[PDB]
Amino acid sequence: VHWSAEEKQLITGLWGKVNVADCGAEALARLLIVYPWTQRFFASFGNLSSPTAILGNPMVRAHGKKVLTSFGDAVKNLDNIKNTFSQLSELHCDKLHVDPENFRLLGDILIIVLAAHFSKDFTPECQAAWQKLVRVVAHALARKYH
């Protein structure tokens, strides 16, 4: 994938003000609530019985931070997103058996969440930059199939 320079800078500046824990818990809570089947992969987490249960849950919040953090690894390495996610991909495809459509789903949610914390600051060029980033991370993870 080829990164424009205007694009590197749009992903890079936004990134630098993201509260990873705030968006993390949120991305992930919304993934569980909005696409309820993803709940299955996360059942080790305890009570996911209602929406409130879900935004109530410590692990949901805590694992949200972990995720967003892993986005950081890509933003650190836009030219090597391929190998950043290569161990994360084994786990997601092999072990946990996640359908790659779900990464698309979390990347779309991610973007709704960044919209909502950054307002007019989450510019049309800027959203196009991010949609491509999450597109990429997702294919990065999805490598381990085809």
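Residue numbers here begin at 1 and follow the sequence given.
Judged by mean Cα B factor in the deposited record, 88 to 96 ranks above the other of 88 to 96 and 29 to 37. When 73 to 81 is weighed against 112 to 120, 73 to 81 comes out higher, by mean CA B-factor as recorded in the entry.
Among the modelled residues of its chain, residue 56 has a C-alpha B-factor that falls in the highest third according to the deposited record. Among the modelled residues of its chain, residue 135 has a C-alpha B-factor that falls in the middle third according to the deposited record.
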